[PDB]
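Worksheet: the structure to be examined is printed underneath.
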There are 4 protein chains.
Amino acid sequence: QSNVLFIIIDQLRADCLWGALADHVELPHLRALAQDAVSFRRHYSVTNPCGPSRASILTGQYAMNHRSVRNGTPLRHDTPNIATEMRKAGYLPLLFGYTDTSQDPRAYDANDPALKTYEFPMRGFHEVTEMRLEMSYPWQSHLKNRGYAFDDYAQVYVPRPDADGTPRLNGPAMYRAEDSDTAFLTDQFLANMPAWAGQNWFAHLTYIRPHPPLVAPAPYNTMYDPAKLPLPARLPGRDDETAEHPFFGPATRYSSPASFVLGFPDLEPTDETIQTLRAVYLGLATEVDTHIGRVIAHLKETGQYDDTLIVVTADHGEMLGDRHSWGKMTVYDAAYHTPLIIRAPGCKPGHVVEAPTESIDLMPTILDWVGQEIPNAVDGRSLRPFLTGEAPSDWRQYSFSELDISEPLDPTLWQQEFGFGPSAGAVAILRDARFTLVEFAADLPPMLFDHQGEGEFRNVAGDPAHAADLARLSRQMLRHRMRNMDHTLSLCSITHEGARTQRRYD
Amino acid sequence: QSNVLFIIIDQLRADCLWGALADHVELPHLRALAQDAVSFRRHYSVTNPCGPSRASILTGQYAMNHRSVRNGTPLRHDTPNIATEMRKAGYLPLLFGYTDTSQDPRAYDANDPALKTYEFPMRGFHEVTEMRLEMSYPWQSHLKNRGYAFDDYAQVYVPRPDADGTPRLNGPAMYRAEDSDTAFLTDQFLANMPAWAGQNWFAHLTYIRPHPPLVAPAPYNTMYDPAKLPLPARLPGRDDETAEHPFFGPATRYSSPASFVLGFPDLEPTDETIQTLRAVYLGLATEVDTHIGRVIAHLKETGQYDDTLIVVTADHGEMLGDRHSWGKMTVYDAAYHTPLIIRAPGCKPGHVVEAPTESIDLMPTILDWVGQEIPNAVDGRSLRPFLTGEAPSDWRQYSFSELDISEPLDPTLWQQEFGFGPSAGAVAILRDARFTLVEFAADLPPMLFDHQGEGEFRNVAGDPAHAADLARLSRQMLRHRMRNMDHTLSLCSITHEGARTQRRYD
Amino acid sequence: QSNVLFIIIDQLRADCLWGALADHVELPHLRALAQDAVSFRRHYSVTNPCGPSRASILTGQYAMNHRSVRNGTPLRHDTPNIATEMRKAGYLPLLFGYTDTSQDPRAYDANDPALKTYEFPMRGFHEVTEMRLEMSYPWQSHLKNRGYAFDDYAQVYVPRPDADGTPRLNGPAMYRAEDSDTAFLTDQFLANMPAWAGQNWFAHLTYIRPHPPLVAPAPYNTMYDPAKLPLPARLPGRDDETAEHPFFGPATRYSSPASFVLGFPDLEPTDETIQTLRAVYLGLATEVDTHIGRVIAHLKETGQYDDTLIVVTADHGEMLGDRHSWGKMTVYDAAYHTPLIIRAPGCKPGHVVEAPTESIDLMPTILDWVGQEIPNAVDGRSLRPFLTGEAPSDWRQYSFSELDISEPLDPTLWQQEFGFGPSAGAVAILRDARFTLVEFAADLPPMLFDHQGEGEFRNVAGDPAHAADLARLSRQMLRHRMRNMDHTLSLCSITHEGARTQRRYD
Amino acid sequence: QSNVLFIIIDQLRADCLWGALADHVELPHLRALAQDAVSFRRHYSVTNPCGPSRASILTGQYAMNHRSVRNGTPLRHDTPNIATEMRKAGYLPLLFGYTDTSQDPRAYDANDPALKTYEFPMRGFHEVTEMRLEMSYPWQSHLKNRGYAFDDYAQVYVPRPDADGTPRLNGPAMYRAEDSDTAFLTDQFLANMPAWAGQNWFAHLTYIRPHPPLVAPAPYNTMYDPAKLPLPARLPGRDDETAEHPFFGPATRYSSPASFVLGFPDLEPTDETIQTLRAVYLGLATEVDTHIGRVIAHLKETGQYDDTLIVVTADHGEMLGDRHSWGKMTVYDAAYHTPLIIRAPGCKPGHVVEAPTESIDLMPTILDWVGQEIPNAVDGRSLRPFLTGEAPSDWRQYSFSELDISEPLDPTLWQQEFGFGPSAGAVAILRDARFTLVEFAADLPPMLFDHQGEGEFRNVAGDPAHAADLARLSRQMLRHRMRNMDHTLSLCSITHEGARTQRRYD
């Protein structure tokens with residue numbers, strides 16, 4: 001009677017659902033859901049990459065609090081999360097896919113498998129289908145049982161070359177559409193959900209696609225013509241990007257078209273190459289949509305659609321060639337701006353939210369809706385007021401994101417160039433109505449983007465005419481960090497009668 | 001072979017040992033130790049009051065990390081501390097006094113005595129003598145057994161009135177000097193240490209005095225003439241103090257001479273009153289000094305002096321009427337500037353350190369000296385290079401302190417006047433060679449004190465001529481927060497072979 | 001290169017593989033494995049029912065040590081088990097089916113799903129396929145997706161009635177053979193194991209069948225003619241069984257043919273009924289065998305058969321009408337005597353073991369073979385010496401089993417009749433070469449079965465001619481309990497240099 | 001309002017307070033308390049020695065359950081004890097002395113001081129004064145400060161030799177009576193208890209004396225003439241003792257007069273020697289008595305006597321030359337029979353209890369009286385009904401004791417002579433109204449003592465006339481083990497609504 005369906009699409013841009021790229025991709029099921037629900041237009045990931053972003057989404061805390069700042073950085077074992085809190089509400093959190101959680105070494109034996117991968121499922125989640133990108137054993141066994149020939153898992157991602165053996169960038173995937181990673185995970189959800197109907201269930205479905213190595217099964221590989229797509233938003237050359245801030249030198253080098261596909265090691269970043277990858281990515285998104293329609297159809301068929309809290313989002317964005325860069329290890333909005341659709345029984349269908357919302361607001365929304373206590377450790381705030389077309393009077397007027405550009409055992413390109421250590425790798429972003437401020441822990445100058453001017457296309461931090469804006473935004477950023485320190489026990493008080501707690505948000 | 005003697009005097013100002021007040025107080029044993037050891041002249045508490053400031057000293061972390069931000073705010077049970085780490089080195093940490101540790105409610109039964117007091121001993125410490133200000137059962141029993149008449153513990157702190165019954169502000173204490181709180185604790189140390197000689201011991205001895213309720217046993221009560229003491233450093237009136245920044249309104253109103261003594265509820269803050277309290281305070285510091293000489297004499301007599309790491313400091317300072325304020329719930333240096341003497345076998349005797357040192361540097365110094373691994377959670381750095389007259393090239397160039405002006409269950413005077421909640425109570429101080437910057441989490445403007453100008457006697461943050469200094473120092477403060485986030489697991493990495501760690505400090 | 005395949009068949013009698021019933025059932029794959037491996041002929045479960053038996057098999061301890069004495073009795077969270085110990089060896093224990101583990105309430109939130117079922121998976125096991133008898137959600141969803149009509153899970157177990165609607169006892173199951181519980185679990189193993197090939201895997205496959213509610217899909221339902229089967233071994237009537245020991249009154253009443261099937265509430269225990277249930281049970285065993293052949297074929301096809309430790313056993317026996325009783329809540333051998341086949345690279349193929357072996361010997365055998373330390377808590381001993389046709393000189397000369405006939409919240413039929421409480425429900429069995437002794441914690445007399453006389457068909461404990469045998473066996477039983485008390489820390493010693501441990505078995 | 005005073009005298013025989021030795025020793029304060037309270041005449045320790053016997057008293061469990069079976073054998077960290085349970089009731093358990101608790105290696109760092117001694121204080125106890133026999137640092141420091149000359153702690157226990165330097169067996173102790181171990185501990189209790197008056201306190205005071213090395217300060221050393229004392233109860237020679245059962249060979253050889261004193265390595269067990277040790281022991285018991293009178297006087301003086309639950313007992317007994325043996329590593333009653341006096345407001349003064357009581361009954365009595373839930377793990381039963389002169393109808397009809405004659409790292413004299421390992425060291429004793437039965441885990445025959453015949457002076461287990469009594473008592477012993485298995489979670493049940501518990505005791 002009270003179900004929770006939490007879908008995370010890895011790496012889908014907000015502008016593909018609504019915005020600059022929306023008219024160049026077919027997303028009917030996601031657009032039909034938005035039409036029958038609440039869409040959040042100013043929704044941003046609080047951190048990057050995949051690991052820190054998921055840690056934040058699943059714990060409801062900023063990276064400065066949860067401290068799983070990089071892929072492989074452990075998360076404290078006693079950190080309250082959506083699964084642990086939903087278990088207190090009597091739910092068995094069902095997992096279809098991955099959580100990308102780096103386990104606490106203090107909670108396991110040194111030789112335990114859980115400490116050998118940063119793709120490991122988070123404490124509290126009950127895994128029904130394991131579908132981690134680097135280990136998709138059920139999907140790999142499915143392809144082997146289907147009669148697909150592959151001596152290595154990496155061979156599965158190589159696009160089919162031409163008849164003459166010539167490698168083809170947008171060549172169809174070695175697997176048919178019905179045997180794809182997207183189709184298979186959806187099939188596993190539909191093979192396991194029927195018996196859960198009637199009881200209160202919590203299902204967490206995580207789609208990797210669209211995501212590198214970029215390959216799509218027939219007909220999605222060529223469904224979109226690269227020649228009819230818009231070119232990425234970028235300055236004329238890679239050196240013009242690096243000229244805006246020295247940070248962009250390592251950023252445009254971190255990822256490339258050559259690292260986003262398998263079988264093309266010497267791949268040149270030409271307009272033909274860039275547009276092909278862009279078309280493959282969009283085809284993978286239409287494939288995800290198609291399979292999401294089947295998930296929705298199942299809820300309607302079982303009469304469970306109206307009695308379910310549906311949460312659809314993307315973990316982080318993707319540059320997609322924008323600003324001569326790929327991936328999400330950068331400071332531009334496209335790496336953080338993510339779609340968010342929430343359907344709840346009695347919500348305002350077709351309602352569009354313009355207020356800044358954060359990835360950390362998801363966990364408290366779910367707990368609020370089920371009627372479970374939100375821990376004080378949670379930095380995020382429930383989006384429930386927005387569901388009935390309203391809003392809280394004391395809402396955020398800016399959004400905040402973090403990044404870490406250090407790696408403890410293998411120094412990053414930024415560390416090799418600028419010479420900072422792994423305690424000074426933190427980057428912070430503050431998105432104000434007019435400005436975007438970027439501040440580094442390391443000895444790198446701030447970035448300032450004026451949306452009333454050139455926007456993200458010009459770093460104006462060195463301009464003395466913007467000194468008062470720079471000082472005001474940086475104090476606003478300083479205050480945010482001071483107002484959002486670890487609240488696990490900071491609102492508890494030791495009194496003569498015992499320990500007494502104060503609720504963080506009223 | 002390797003002993004550790006860690007003495008902490010509560011509320012002793014740095015300027016009493018060396019500085020403005022040094023010539024008005026006799027501290028021969030502390031000054032003799034400084035002459036035979038290393039003195040740290042720019043040593044500051046990283047937080048306040050007692051509880052937070054004790055949590056920082058004993059954990060080696062900033063309050064932003066340990067999160068025991070106010071008296072009664074719980075400290076995480078799994079937080080590494082000097083006692084837990086010394087236990088790994090094979091030491092039994094002996095406690096003579098108090099730690100003022102607010103226990104983790106998650107680690108105890110709801111009705112446990114440990115959760116009813118914020119004066120409770122820290123995990124790992126083995127208590128030999130209990131001597132917490134609000135308790136002191138061994139000392140209270142010593143007083144009853146010696147035949148002192150008192151129906152309430154609060155009666156013990158009331159100064160002896162005149163023969164005619166007239167209350168006397170600097171009246172001698174009810175107890176004789178040999179029966180005092182200072183004498184009794186020293187006697188308990190000397191009644192228990194003889195059998196520890198020969199074995200490697202770690203003793204932690206904590207003197208409350210000098211500390212309110214201000215009362216000194218004969219002859220200390222009147223040893224210093226209030227009429228011959230210098231007046232406090234202050235602006236002419238209370239309104240001049242508060243005109244500098246609104247924070248000082250509630251800050252000068254938080255403590256008073258009337259709250260620093262027992263039996264004078266209507267006590268007027270006259271110059272006669274202020275100077276009397278100041279003379280009583282200095283008399284208690286001299287009595288602490290005489291008893292510390294007995295502790296040193298014991299080490300020399302047993303031939304344990306040369307083979308012992310001696311650490312002598314104060315937890316925090318005391319305004320003592322300076323700037324029309326009392327206590328340590330403020331932002332001025334007198335509340336944080338603390339004496340620090342370190343004697344180690346082979347140190348440079350009489351060496352004076354001018355580099356900025358922090359209270360969090362004590363725990364890593366002890367661990368380094370015993371040869372025990374310093375946890376990555378520790379924000380402080382070992383002072384060991386300074387002991388042989390050297391100094392690390394990458395050492396601190398500024399000091400950092402924090403305060404919390406909010407109370408979750410009982411709103412403070414600042415909360416009542418300024419309207420902020422318990423998530424916005426944080427204050428931060430950055431002490432640069434020239435400037436001191438104060439920044440609030442709440443919507444209160446910064447403070448800026450120029451030490452080449454009027455010093456602390458003028459807040460220059462609103463002066464346009466200091467706008468560039470203000471912006472530069474605030475970025476330096478922002479970077480400090482970003483460079484010192486929780487390091488418990490942030491330097492650990494999940495690899496294909498298991499979890500691997502990176503050492504924080506060089 | 002070093003794999004572990006651990007198969008548990010729930011409720012299969014030892015005499016079906018080799019013995020009295022072997023010639024009346026086809027088990028070719030299990031018999032082919034025995035021909036190419038080591039068979040253990042005197043193998044007994046140390047406890048009953050399913051829960052305590054599994055607890056013992058998975059922990060390697062007697063019920064007197066693990067204390068999970070009934071279905072629903074919690075097992076201590078820190079109890080070392082095969083999964084926790086295999087995780088230390090670097091294995092991810094893969095679960096296909098169930099463990100029937102009652103979780104520790106001290107380790108979970110009061111409202112957690114893990115505390116609402118005693119079928120919950122054991123700590124350390126990674127569940128790939130959930131197949132718990134009372135909740136087979138993947139199998140129930142498979143039947144629903146296949147187009148099977150059922151409004152209740154209990155309807156799935158009702159045998160197909162005749163054309164005219166007349167209920168038929170050995171009617172075929174509502175599901176076809178390819179859609180059965182046995183077939184489905186085997187399919188899930190084969191859908192997930194291919195990608196594990198090459199790496200060291202540990203797979204735990206648990207078959208419920210043969211087990212009530214007795215129903216078999218076509219053609220297994222009628223494959224064996226009830227008219228050509230031998231009748232159960234029993235005294236002439238139910239009252240003759242109860243006359244041997246008053247214990248047998250509640251035992252023959254606990255289970256019945258009517259409780260072993262669904263859709264026959266008034267089912268009479270006629271010879272026609274008893275033989276039909278017996279034929280259905282044997283058909284379910286041939287179905288299990290058939291699917292085990294597919295598991296073996298997969299290992300051979302992948303070239304993983306010779307490099308795998310294969311362990312095949314049954315958890316507990318089944319009375320199957322023997323002694324006018326059904327199930328395993330009794331003291332006769334048929335309830336405990338279980339098949340055991342172990343194949344290891346380099347073992348003696350076709351070797352038959354006659355020495356008494358216990359269910360607790362499985363966990364130490366696996367750990368020994370992988371080269372992982374066996375905890376001292378483990379009461380069982382490695383069967384590795386028997387694999388090369390040898391045996392240890394200090395082996396057991398008797399086997400030991402336990403049962404609990406109390407229920408804390410709902411008093412059993414034994415408690416209602418004899419009037420004992422839930423601290424006196426323990427029963428103990430000692431199987432000597434000649435005698436079997438049964439001793440009760442409650443005020444019920446012992447049982448003594450002389451195999452050189454009438455065997456289990458006559459309780460001779462009241463015969464004064466057997467007083468010396470009774471006294472000798474009871475002292476042997478007393479000594480066994482005293483020699484097998486909780487060894488978790490009893491072999492550890494606190495010394496002046498620290499804690500030192502002594503290995504339980506050399 | 002509700003105080004708990006728990007005094008434990010180490011090694012005081014029951015027959016010294018009332019019985020065979022009572023007329024040869026002055027115990028006025030203990031006898032005055034018995035006259036104003038309830039005395040338990042059939043009170044026995046459930047295990048031995050000190051460590052196991054202290055673990056049973058403080059946990060309320062049999063050694064078969066708590067498993068700290070020898071000195072140095074760790075006790076599980078999560079074992080509920082009197083201190084942990086009293087902390088739930090809001091009490092701070094104050095310790096004056098020792099608990100002799102072997103800590104759990106799983107709960108501490110490998111190098112922790114707590115894992116280097118089996119005299120370490122039990123979890124939950126708040127140590128006020130440390131006074132363990134192998135340590136006693138406060139008492140050793142009291143001795144150095146008072147000016148006693150000793151270069152080694154062992155020199156303190158050497159009796160003062162004659163003027164000519166001739167060693168004297170009953171020579172006065174080096175220290176004066178006012179400086180003794182007994183006097184000093186009492187002084188520490190009285191120096192710390194005054195400030196606890198008014199509040200609800202729980203004080204645990206543990207006197208080592210009477211206990212080896214046997215030495216008494218003047219005038220106690222010679223207060224009793226060894227020539228006027230009765231000789232021990234024994235068979236004529238050592239070989240007569242050992243002829244009764246081979247166990248007594250190593251048991252009479254384990255301790256001797258030479259091992260019960262310091263400075264006499266070649267001490268002959270003559271009647272003069274034996275009687276001298278006996279007179280010294282009785283003199284130390286009289287000195288314990290004088291100091292207990294001061295503890296009682298304090299309660300009366302403060303008006304806290306009538307409002308306090310007073311529990312006075314001994315941990316175990318002492319052979320004292322009886323049966324040619326010393327100490328408590330034996331099976332005779334003198335090693336277990338201990339005095340027990342309980343005073344509670346409203347009890348029947350002068351009431352004498354004859355029912356069998358056990359050391360495990362103390363913890364549940366205290367918890368019951370304070371109104372705190374008794375855990376199911378507790379094997380003991382509250383003695384509260386007996387306090388008002390009543391007796392439960394389902395009370396004990398026999399008492400049960402255990403011993404362990406094995407040592408994991410250093411094989412005992414029994415292991416060396418009989419050849420059994422450290423899993424077979426358990427001994428069990430059952431005291432019936434007429435018989436005493438002794439059963440070994442190792443292959444040693446039982447002992448049977450008829451109290452209507454020769455008592456303990458003849459082992460009658462081999463007599464055919466006692467074969468039926470032997471079999472009956474051994475079944476009663478078997479049933480006791482089966483009725484008292486670990487109850488930590490065995491009465492908890494996993495249900496569809498969660499975990500539900502059943503109360504152990506009626």
Side-chain angles (χ1 to χ4, degrees), chain C residues 42 44 232-252 319 322-325 329-337 356 397-403 405 414 417-418 420 424 426-481, chain D residues 430 432 434-435 437 439 445-446 448 460-483:
Chain C
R42 220 163 190 244
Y44 295 82
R234 59 185 180 186
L235 298 172
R238 186 217 160 258
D239 296 12
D240 300 320
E241 294 300 359
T242 67
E244 288 309 312
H245 203 277
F247 164 89
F248 299 114
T252 69
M319 290 306 290
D322 282 3
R323 317 305 304 272
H324 299 273
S325 61
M329 283 296 285
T330 188
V331 300
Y332 296 129
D333 289 348
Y336 305 86
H337 199 188
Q397 281 183 257
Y398 64 85
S399 66
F400 181 87
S401 303
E402 291 180 83
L403 194 78
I405 55 168
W414 293 279
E417 193 164 329
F418 310 101
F420 54 91
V427 193
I429 307 145
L430 190 136
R431 299 173 198 93
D432 165 86
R434 179 178 170 200
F435 297 99
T436 297
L437 168 79
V438 177
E439 290 275 12
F440 295 89
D443 236 275
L444 286 171
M447 308 194 201
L448 187 69
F449 311 116
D450 186 10
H451 304 278
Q452 268 171 226
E454 296 220 333
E456 288 188 322
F457 290 83
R458 191 188 295 170
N459 165 24
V460 298
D463 193 342
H466 289 291
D469 300 307
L470 186 67
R472 176 182 48 90
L473 290 154
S474 207
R475 183 135 35 234
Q476 190 156 33
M477 183 182 275
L478 177 69
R479 287 199 171 119
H480 180 84
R481 305 193 80 92
Chain D
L430 189 137
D432 165 72
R434 181 176 171 202
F435 298 98
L437 168 79
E439 292 274 12
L448 188 69
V460 298
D463 192 341
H466 291 292
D469 300 307
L470 183 68
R472 177 182 49 89
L473 289 155
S474 208
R475 180 142 24 241
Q476 190 155 32
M477 183 184 275
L478 176 71
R479 288 199 170 116
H480 180 83
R481 289 214 169 254
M482 298 178 79
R483 285 163 181 170

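Side chains included, hydrogens not; waters and symmetry mates left out as well; all remaining heavy atoms used. Order of the sequence lines sets the chain letters (A, B, ...), proteins ahead of strands, with each chain counted from 1.
Annotation: C/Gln397, atom CD; neighbour count of heavy atoms from other residues, nucleotides and ligands within 6.0 Å does not exceed 12.
Annotation: the span from C/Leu430 atom CG to C/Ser399 atom OG amounts to 7.0 Å, rounded to 0.5 Å. Here C/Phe247 contributes atom CZ and C/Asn459 contributes atom CG; the two are 11.5 Å apart, rounded to the nearest 0.5 Å. With rounding to the nearest 0.5 angstrom, the CG atom of C/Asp469 is 8.5 Å from the CG atom of C/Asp432. For the atom pair CG of C/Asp333 and CE of C/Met319, the computed distance is 9.0 Å after rounding to the nearest 0.5 Å.
Put simply, the side chain of C/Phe449 does not reach to within 4.5 Å of the side chain of C/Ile429, judged on heavy atoms.
Ring centroid separation for the pair C/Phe420 and C/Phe440 does not come in under the 6.0 Å cut-off.
Closest non-hydrogen pair, C/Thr330 versus C/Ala335, comes out as CG2-CB, 3.8 Å. Here the closest non-hydrogen pair linking C/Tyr336 and C/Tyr332 is CD1-O, 3.4 Å. Pairing each heavy atom of D/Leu437 with each of D/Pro446, the nearest pair is CD1-CB, 4.2 Å. Scanning both residues, C/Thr252 and C/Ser325, for their nearest heavy atoms gives CA-CB, 4.2 Å. Of all non-hydrogen atoms in C/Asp322 and C/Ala334, the two that sit nearest each other are OD2-CB, 4.4 Å.
Aromatic ring pairs are classed by plane angle as parallel below 30°, tilted from 30° to 60° and perpendicular above 60°; the pair C/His466 and C/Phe435 is perpendicular. C/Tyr398 and C/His480 have perpendicular rings, their planes meeting at more than 60° on a 0 to 90° scale where under 30° would count as parallel.
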Steps toward side chain to side chain contact (heavy atoms under 4.5 Å, CB included) verdict (C/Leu448, C/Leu473): CA-CA 9 Å; C/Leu448 187 69; C/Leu473 290 154; 3.6 Å; yes
Side chain to side chain contact (heavy atoms under 4.5 Å, CB included) assessment of C/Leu444 paired with C/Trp414: CA-CA 10 Å; C/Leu444 286 171; C/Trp414 293 279; 5.6 Å; no
Test log, rule side chain to side chain contact (heavy atoms under 4.5 Å, CB included), inputs C/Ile405 and C/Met329: CA-CA 8 Å; C/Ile405 55 168; C/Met329 283 296 285; 4.3 Å; yes
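A cation-pi arrangement is present between C/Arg323 and C/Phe457 under the rule of less than 6.0 angstrom and at most 45 degrees off the ring axis.
When each of D/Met482, D/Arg472, D/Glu439 is paired with D/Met477, the side-chain contact (heavy atoms from CB on, under 4.5 Å) condition holds for D/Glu439 and for no other. The only member of D/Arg481, D/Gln476, D/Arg475 that meets side-chain contact (heavy atoms from CB on, under 4.5 Å) when paired with D/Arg479 is D/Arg475.
Using a 4.0 Å cut-off between a side-chain N of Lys or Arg and a carboxylate O of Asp or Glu, C/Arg234 and C/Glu241 do not qualify as a salt bridge.
Not a single donor-acceptor pair under 3.5 Å links the side chain of D/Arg483 to the backbone N or O of D/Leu478. When atom types are taken as modelled, the side chain of C/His245 and the backbone of C/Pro445 share a donor-acceptor pair closer than 3.5 angstrom.
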